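Have a look at the structure below, then the notes.
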There are 2 protein chains.
Amino acid sequence: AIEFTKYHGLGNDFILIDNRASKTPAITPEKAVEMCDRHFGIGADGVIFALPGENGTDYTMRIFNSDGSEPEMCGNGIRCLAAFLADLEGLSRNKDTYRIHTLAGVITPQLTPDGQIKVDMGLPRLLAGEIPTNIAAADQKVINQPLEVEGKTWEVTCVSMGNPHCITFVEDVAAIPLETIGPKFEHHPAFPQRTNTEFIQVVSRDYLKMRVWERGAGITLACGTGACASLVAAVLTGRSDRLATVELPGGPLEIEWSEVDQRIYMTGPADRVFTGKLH
Amino acid sequence: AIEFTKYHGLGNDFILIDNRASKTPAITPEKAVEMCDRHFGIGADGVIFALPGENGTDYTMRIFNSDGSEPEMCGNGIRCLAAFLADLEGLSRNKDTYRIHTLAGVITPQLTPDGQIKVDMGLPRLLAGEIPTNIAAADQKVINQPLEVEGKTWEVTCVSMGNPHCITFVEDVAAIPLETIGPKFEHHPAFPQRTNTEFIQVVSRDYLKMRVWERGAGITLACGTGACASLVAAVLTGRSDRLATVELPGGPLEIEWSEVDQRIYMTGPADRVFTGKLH
Ligand SMILES: *C[C@](N)(CCC[C@H](N)C(=O)O)C(=O)O
Ligand SMILES: *C[C@](N)(CCC[C@H](N)C(=O)O)C(=O)O
C-alpha cells in the first residue's frame, strides 16, 4: 500500500516517499531495512522522506540508510529529493530553489537550466569534536593524522558535512580492497558514531578519483557528502584547488569550496527510474 | 511505459512482464541488462516474460539473465511465473496447473493448497554432450570427474536441467570464496556455453546445503535448476537419497527425483514484492 519512486544520483540509489501528510516518517527504520534489501525488497542505499517544512524551510528531509540508521545529511539524496519535490509540485512550482531542513541544518538545492542540481551543502566542520573522532582533542583539526587499522598505519584527514568522513589519499584507488578494509575503518574505535571512509587518488589539482565505503550502506557508486568532504581534505592537505571534479564509480560531481562564503557547493544529476507500490 | 511486477523465489529475484499481447518480447536483451542493474535500474537476477502458449501449452516462458543472455530454464522463475499467471487470470482461472513451454521443453508448475508451487522440472540430462561439457565424451556421463581450476583439481559432476550445472561437494560451503572462484568455473574452457556452479555440503542423506555462482547472474540467493541438479548429482555419487531438502542462502527447496517417472519435482515459494512502471 506504500507508493514510492526510485531515484539515483550517480548510482547512489534511493526510495523516495511523499510524506507531506505528517512530520512522522510513515515507515519505521526496521521496515526501511526490509525495503532496501536488494533481493527481498525494492533495493536501495536508503529511504528518503519528503516531509513538511520546519522553521521557515520549504520541506524537510529525513533519510534512513539501508541498515536502518539515520544519518544527518546526504548530498546525492538531496539532489534526488529536489527532483522529486519538483515532480510533486508540477506546474505549481514557482521557484528553482528549495530550502530543506535536515538534521545537519538548512540545505539549499537549486534546479539549474541544464537539468543538473547545484546544492549549497553548508560549511564543512573541521574540529574533531564535530566529526566526531577521538584522533585529536575536540577543539583540534584532524589533518594527515595516523590511524592504525589492523596493524597498518594510514594517514587520514577527517571532515564533517553534518556526517563524519575519514579521507585517505592513495596512489591507485582501484587497487584498494574496499570490501575488506572499508568496514574496519567504518567501525574503528576512533569513531564513536562510525564514519564514512573515502579513498582518493589525486589525478590533478582539479580532479580527484574517489571510492567510498559508507557508514550504514557499504560500497556505493557515489557519495555527495563524501565528495565534498574529500575536496575539503584535499585543500586542507595542499593537494588540490578549491574547485574540482570528483570522479566516482557512478560518474562525476563538481565540488566548489567557495572563497566568498566558505560554503561547499556540489553539482550533479538526479535520475528518476521507476514508480512503484508495495504489494 | 513498461509495467512490471517484482517477484522473488527464495531471494532469487525477477522482473515479470505480462507479454501475452505478442510473441515478441517487449524488451531487448540490452534493455534487460539496464533494467536488471541494481543501482541504475530496477534490480533483478533476470527478466521473465509471460508469453503466449505454443504447441498446446497454456503459456510460454522466456527469461533473460541480468547479463542479457537467454538461458533455457529457471526453476525459481517458473514458480514466480505461475503465481503471476494466476494473478493475471484472476477469477477466470479454472485449474491449478499450467503447462509452460520453455527452451528446455514443457515445464508444469502446480499451485498447491498451502501456497507453495510444485514443479515438474522434467528429466535430468546426464550426458556430457547434453550439458555441454568437454570433460568426457559426448555419450558419457560426468560423475566425480576432475576439473583443474587455477591449478587446483576439483572433483565435479555435471547435470543439465535444460541448462548446464557443475556440482562439487565440499566440507564447509560457507568457507568457499565464491566471488573469486565462481567466475573461474563459469568460464572454464571445459564448458563451451558456460556453466552454473553449485558447491554442496551434505548435512545428511536428505539435507543438502548449497551455494551457487550462476551463469549470467553471479552470486544468487537460490537456484531451482541448480538445486535439482545438485540433488541428482548427490544421488549419482551415492551421497544422498532421492528426496531431500536443499537449503539455499534464501531458504529451502524440497527436491524429489521420482522413482515412478525419473523426473525431478521441485517445490518452493514465490513472493510478489511490488508492482511498478518505468519512468
Ligand atoms: C547519500 C549519501 N551517500 C550519504 C548517506 C549517509 C551516510 N551513509 C552516513 O551514514 O553518513 C550522500 O550522497 O551524501
Ligand atoms: C532462475 C534460475 N536461477 C536459473 C537461471 C538461469 C541460469 N542463470 C543459467 O544461465 O542457466 C533458477 O532458479 O533455475
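We name chains A, B, ... by the order of the sequence lines, and we start the count at 1 in each one.
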Discussion item. Donor-acceptor check, side chain of A:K23 to backbone of A:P52, threshold 3.5 angstrom: yes or no?
Written reply: yes
Worksheet entry | Polar side chain donor-acceptor pair, A:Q110 to A:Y265, under 3.5 angstrom | no
Worksheet item: Does B:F14 have its ring centroid less than 6.0 Å away from the ring centroid of B:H8?
Response: no
Practice prompt. Check for a donor-acceptor pair, side chain of A:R211 on one end and backbone N or O of A:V173 on the other, with a separation under 3.5 Å.
Written response: yes
Worksheet entry | Interatomic spacing from NZ in A:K184 to CG in A:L147 - rounded to 0.5 Å | 13.0 Å
Worksheet item: Going through the distances and angles, do A:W257 and A:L231 end up as a side chain to side chain contact (heavy atoms under 4.5 Å, CB included)?
Response: CA-CA 8 Å; A:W257 192 0; A:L231 184 277; 3.8 Å; yes
Response to the item:
Scanning both residues in full, the closest heavy-atom pair of A:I131 with A:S160 reads CD1-N, 3.4 Å
Discussion item. Take a 6.0 Å sphere around NZ of A:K95 and say whether it holds more than 12 heavy atoms from other residues, nucleotides or ligands.
Written reply: yes
Worksheet item: Looking only at heavy atoms, what is the nearest atom pair of A:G75 and A:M121, with distance?
Response: CA-CE, 3.8 Å
Practice prompt. Report the C-alpha distance between A:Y7 and A:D87 in whole Å, list the side-chain angles of each, state the deciding distance to 0.1 Å, and finish with yes or no for side chain to side chain contact (heavy atoms under 4.5 Å, CB included).
Written response: CA-CA 12 Å; A:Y7 279 81; A:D87 284 343; 2.7 Å; yes
Item to complete: For A:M73 and A:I107, work out which heavy atoms get closest and say how close.
Response: SD-CG1, 3.8 Å
Worksheet item: Would you say the ring centroid of A:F185 lies under 6.0 angstrom from that of A:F199?
Response: yes
Worksheet entry | Heavy-atom pair of closest approach, residues A:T108 and A:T97 | CG2-CB, 4.3 Å
Item to complete: Ignoring hydrogens and angles, state whether a donor on the side chain of A:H165 or A:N163 is under 3.5 Å from an acceptor on the partner side chain.
Response: yes
Worksheet entry | Heavy-atom closest contact (A:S66 atom, A:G216 atom, distance) | OG-O, 3.2 Å
Worksheet entry | B:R194 and B:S69: side chain donor to acceptor below 3.5 Å | yes
Worksheet entry | Modelled atom types, side-chain donor and acceptor of A:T245 and A:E254, under 3.5 Å | yes
Worksheet item: Under 3.5 Å, is there a donor-acceptor pair between the side chain of A:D37 and the main chain of A:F40?
Response: yes
Discussion item. Under a 3.5 Å threshold, yes or no: a donor from one side chain and an acceptor from the other, between A:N19 and A:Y59?
Written reply: no
Practice prompt. Determine whether A:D18 and A:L88 make a side-chain contact, defined as any pair of heavy atoms from C-beta on separated by less than 4.5 Å.
Written response: yes
Worksheet item: Are any non-hydrogen side-chain atoms of B:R79 and B:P269 less than 4.5 angstrom apart?
Response: yes
Item to complete: Please tell me if the side chains of B:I100 and B:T60 come closer than 4.5 Å, counting only heavy atoms from C-beta onward.
Response: no
Item to complete: Take A:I63 and A:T102 through the side chain to side chain contact (heavy atoms under 4.5 Å, CB included) test and state the conclusion after the steps.
Response: CA-CA 9 Å; A:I63 167 168; A:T102 77; over 6 Å; no
Discussion item. Can a donor-acceptor pair be found, under 3.5 Å and without considering hydrogens, that links the side chain of A:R272 to the backbone of A:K6?
Written reply: no
Worksheet item: Is atom CD of A:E3 surrounded by more than 12 heavy atoms (other residues, nucleotides or ligands) closer than 6.0 Å?
Response: no
Discussion item. Whether the side chain of A:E130 engages the backbone of A:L126 through a donor-acceptor N/O pair (distance < 3.5 Å, no angle test) should be reported.
Written reply: yes
Worksheet entry | Donor-acceptor pair, side chain of B:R62 and main chain of B:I48, under 3.5 angstrom | no
Fill in: pair B:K31-B:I2: side-chain heavy atoms closer than 4.5 Å
yes
Fill in: Nearest heavy-atom neighbours spanning B:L221 and B:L248
O-CB, 3.5 Å
Worksheet entry | Side-chain heavy atoms of B:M266 within contact of B:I117, under 4.5 Å | no
Worksheet item: Can you list the steps and then say if B:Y98 with B:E89 is a side chain to side chain donor-acceptor pair (under 3.5 Å)?
Response: CA-CA 12 Å; B:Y98 295 110; B:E89 285 187 343; 2.7 Å; yes
Worksheet entry | Side-chain donor/acceptor of A:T112 to backbone N/O of A:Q116, under 3.5 Å | yes
Worksheet, complete the sentence: ring-ring contact (aromatic ring centres under 6.0 Å, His included) with B:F49: of B:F4, B:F84, B:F64, only one passes, and it is B:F64
Discussion item. Measuring only between side-chain heavy atoms, which start at C-beta, is B:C74 closer than 4.5 Å to B:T225?
Written reply: no
Worksheet item: Quick one: which of A:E70, A:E72, A:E186 gives a salt bridge (charged side-chain N to carboxylate O under 4.0 Å, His left out) with A:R215?
Response: A:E72
Response to the item:
Between the CG atom in A:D45 and the CG atom in A:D13, the distance rounded to the nearest 0.5 Å is 4.5 Å
Worksheet item: Quick one: does A:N12's side chain have a donor or acceptor within less than 3.5 Å of a partner on A:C223's backbone?
Response: no
Worksheet item: Does atom NZ of B:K277 have more than 12 heavy-atom neighbours, drawn from other residues, nucleotides or ligands, at distances under 6.0 Å?
Response: no
Worksheet item: Between the side chain of A:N196 and the main-chain N/O of A:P164, is any donor-acceptor distance below 3.5 Å?
Response: yes
Discussion item. Between A:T220 and A:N76, is there a side-chain heavy-atom distance shorter than 4.5 Å?
Written reply: no
Worksheet item: Can A:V149 and A:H188 be said to form a side chain to side chain contact (heavy atoms under 4.5 Å, CB included), step by step?
Response: CA-CA 8 Å; A:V149 181; A:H188 194 285; 3.9 Å; yes
Worksheet item: Are the side chains of B:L111 and B:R93 in touch, meaning some heavy atoms are under 4.5 Å apart?
Response: yes
Discussion item. Test your reading of the model: is there a side-chain donor-acceptor pair from B:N65 to the backbone of B:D67, 3.5 Å cut-off?
Written reply: no
